[PDB]
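A quick write-up on the structure given underneath.
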Amino acid sequence: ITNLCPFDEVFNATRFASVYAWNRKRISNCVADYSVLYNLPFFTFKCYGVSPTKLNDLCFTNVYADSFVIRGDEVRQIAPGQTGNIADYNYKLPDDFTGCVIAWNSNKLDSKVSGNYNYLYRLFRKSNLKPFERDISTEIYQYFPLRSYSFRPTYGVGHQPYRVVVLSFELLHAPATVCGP
Amino acid sequence: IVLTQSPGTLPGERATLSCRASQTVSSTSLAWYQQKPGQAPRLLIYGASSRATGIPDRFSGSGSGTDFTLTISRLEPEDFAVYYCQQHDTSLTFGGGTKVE
Amino acid sequence: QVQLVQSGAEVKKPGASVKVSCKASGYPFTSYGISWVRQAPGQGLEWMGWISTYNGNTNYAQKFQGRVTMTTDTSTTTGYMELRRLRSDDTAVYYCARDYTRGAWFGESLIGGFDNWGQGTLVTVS
Ligand SMILES: *[C@@H]1O[C@H](CO[C@@H]2O[C@@H](C)[C@@H](O)[C@@H](O)[C@@H]2O)[C@@H](O[C@@H]2O[C@H](CO)[C@@H](O[C@@H]3O[C@H](CO)[C@@H](O)[C@H](O)[C@@H]3O)[C@H](O)[C@H]2NC(C)=O)[C@H](O)[C@H]1NC(C)=O
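Protein chains in written order, with my numbering: chain H, 580 to 760; chain Y, 148 to 248; chain C, 33 to 158.
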């Protein structure tokens with residue numbers, strides 16, 4: 580493998596998806612250099628089932644990067660075993676989740692004085708989500724199911740926007756496509 | 148998106164250069180370039196604020212909405228060049244260019 | 033230690049085509065795209081288009097949509113551009129640059145700019 584994994588094109592993107600409609604980018608057939616993620620702003624870096632200092636020596640059959648924007652106080656919901664209106668209605672991780680969660684404060688880019696209404700979350704649904712399920716329907720709840728974040732630079736930290744990237748590590752009885760150097 | 152720069156033509160003094168867009172341009176999609184005589188352009192500012200590697204601290208950019216600027220806190224003999232503004236919020240455009248003299 | 037090395041000046045007749053090369057080194061070729069910008073005498077910078085070194089995807093400026101073709105060769109880590117049916121108004125210096133404004137793998141916009149530039153290739157039409 581001569582190609583390098585396009586982490587740069589995931590983390591340094593101008594635009595992130597809404598949490599109700601989280602975006603998945605597939606990483607494959609590449610060399611996974613994780614030093615940059617350790618090197619940087621990226622205040623939140625929690626790995627489950629794997630050590631962040633050993634990723635340089637591992638091989639995977641696939642790596643999946645799930646990108647979305649949430650509030651600072653909602654960052655704790657992006658973890659296995661957790662519940663809440665993000666964990667239950669927007670983005671659910673499995674209890675046996677294997678992977679790393681990276682998040683940073685994007686107030687400088689996403690917040691607006693008039694209010695940034697581009698980012699939305701789901702508040703109403705008839706049931707909870709299954710692991711890695713996505714629901715982007717707008718059917719009226721027996722309420723309009725989606726509501727804006729309205730991010731502003733005048734908000735305290737808990738209400739400031741955070742950009743979250745979840746790196747899921749797939750390990751199967753199959754030839755690896757992604758290996759560190 | 149159309150980018151209009153001013154003044155047409157502007158050592159030790161502070162310099163300010165302006166670039167106004169006909170449409171809103173995101174902080175993330177705007178940059179500034181410098182071109183010396185006989186040389187290719189080089190990147191100075193990206194993300195409307197962050198400095199490119201190798202760029203002196205005297206160079207700083209900022210802005211929002213449709214109004215962005217580039218400031219040089221004191222001009223050096225080598226800072227006399229044509230500066231350009233760029234946006235890639237929609238497609239990719241360059242401004243007319245502003246000369247420091 | 034990134035460098036971009038372009039071919040020397042060319043002289044063409046009206047209706048002729050010119051192909052300009054740009055050899056890249058000092059970085060992983062397939063991690064960054066290639067952009068082309070030209071500057072006519074007395075004029076500013078005009079964007080011609082962009083190509084991904086990873087998947088061959090292109091994005092051209094409307095002005096050259098039917099005139100310019102861009103290709104890459106990953107075995108020689110070199111970019112190429114061809115501009116067809118040249119006119120006297122196409123006299124300009126054509127520059128290559130390393131593109132970190134759009135991703136090569138996903139095609140999405142990035143927070144960046146054109147950091148590394150070649151010396152420029154002068155094309156004269158007469
Ligand atoms: C997001 O992008 C930034 C900025 O990248 C830089 O600016 C862009 C506009 C383009 O011109 C890029 O080609 C250019 O690299 C990344 O920050 C950069 O990270 C690298 C790797 O850590 C830094 O290189 C190191 O610098 C130290 C000195 O501080 C040396 O000792 C090392 O040997 C090595 O050279 C680079 O300096 C740094 N750039 C800046 C301005 O700080 C950022 O990493 C990237 N984010 C992700 C996840 O990729």
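C-beta: ideal position from N, C-alpha, C; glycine also.
| Item | Value |
| --- | --- |
| Which same chain residues end up closer than 7 Å to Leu-751 (chain H) when comparing Cβ atoms and leaving out the 5 residues on each side of it in sequence? | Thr-640 |
| Residues in the same chain with beta-carbon distance under 8 Å from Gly-737 (chain H), minus the five sequence neighbours each way, listed in chain order, please. | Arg-650, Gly-651, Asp-652 |
| Would you say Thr-216 (chain Y) reaches chain H, if we count a Cβ-Cβ gap shorter than 7 Å as a contact? | no |
| Kindly say whether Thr-175 (chain Y), judged by its beta-carbon, lies nearer than 7 Å to any beta-carbon of chain C. | yes |
| Which of the three DSSP states, helix, strand or coil, is assigned to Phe-61 (chain C)? | helix |
| To the nearest angstrom, how far is the alpha carbon of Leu-157 (chain Y) from that of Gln-182 (chain Y)? | 15 Å |
| Pair every Cβ in the segment 695 to 710 of chain H with every Cβ in the segment 666 to 685 of chain H, then say whether three or more of these pairs are closer than 8 Å. | yes |
| Return the first residue and the last residue of the beta strand (DSSP E) that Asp-131 (chain C) is part of. | 124 to 131 |
| Please list, in chain order, all residues of the same chain as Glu-160 (chain Y) whose beta carbon is under 8 Å from its beta carbon, the five residues on each side excluded. | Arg-221, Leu-222 |
| I'd like to confirm the pairing. Which residues does DSSP put opposite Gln-152 (chain Y) in its beta bridges? | Y:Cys-166 |
| Comparing C-alpha positions only, which one of Y:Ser-174, Y:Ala-187, Y:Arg-189, Y:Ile-148 sits nearest to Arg-594 (chain H)? | Y:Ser-174 |
| Under 8 Å between beta-carbons, which chain Y residues line up against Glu-78 (chain C)? List them in chain order, please. | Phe-241 |
| With a threshold of 7 Å between beta carbons, is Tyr-230 (chain Y) in contact with chain C? | no |
| Kindly give me the distance between the Cβ atoms of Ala-187 (chain Y) and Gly-152 (chain C), rounded to whole angstroms, as I take these residues to be in contact under 8 Å. | 6 Å |
| Return yes when at least one heavy atom of ligand 1 lies under 6 Å from the C-beta of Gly-144 (chain C), else no. | yes |
| State buried or exposed for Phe-586 (chain H), treating a residue as buried only when at least 16 other CB atoms are found within 10 Å of its CB. | buried |
| Can you tell which of C:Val-50, C:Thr-110, C:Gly-76 has its C-alpha closest to the C-alpha of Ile-66 (chain C)? | C:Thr-110 |
| Tell me where the beta strand (DSSP E) around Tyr-700 (chain H) begins and ends. | 699 to 701 |
| What first and last residue would you give for the alpha helix (DSSP H) that runs through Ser-597 (chain H)? | Segment: none, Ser-597 (chain H) is in no alpha helix (DSSP H) and carries neither H nor E. |
| What's the call for residue 815 (chain H), buried or exposed, on a 16-neighbour Cβ count within 10 Å? | No statement about residue 815 (chain H) is possible, as the shown extent of chain H runs from 580 to 760 and does not include it. |
| According to DSSP, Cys-54 (chain C) sits in a beta bridge with which residue or residues? | C:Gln-38, C:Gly-111 |
| What residues in its chain sit with their C-beta under 6 Å from that of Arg-167 (chain Y), if we drop five residues either side in the sequence? | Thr-151, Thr-213, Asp-214 |
| Name the two residues that bound the continuous alpha helix (DSSP H) containing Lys-687 (chain H). | 686 to 689 |
| Spell out whether any CB of chain C is found under 7 Å from the CB atom of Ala-199 (chain Y). | yes |
| If you run the structure through DSSP and keep just helix, strand and coil, what is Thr-218 (chain Y)? | strand |
| Please check the pair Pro-724 (chain H) and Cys-679 (chain H), which I expect to be a contact at CB under 8 Å, by giving their CB distance rounded to whole angstroms. | Their Cβ separation, rounded to whole angstroms, is 30 Å, which puts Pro-724 (chain H) and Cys-679 (chain H) out of contact at 8 Å. |
| At a cut-off of 6 Å, is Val-615 (chain H) close to ligand 1 when judged by its beta-carbon and the heavy atoms of the ligand? | yes |
| Rounded to the nearest angstrom, what separates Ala-195 (chain Y) and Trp-683 (chain H) at their Cα positions? | 19 Å |
| Using a threshold of 7 Å, state whether the C-beta atoms of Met-102 (chain C) and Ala-93 (chain C) are closer than that. | no |
| When you compare only the Cα positions, how much space is there between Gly-201 (chain Y) and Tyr-728 (chain H)? | 38 Å |
| For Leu-688 (chain H), return the contacting residues in chain Y, with the cut-off set at a CB-CB distance below 7 Å. | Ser-174, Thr-175 |
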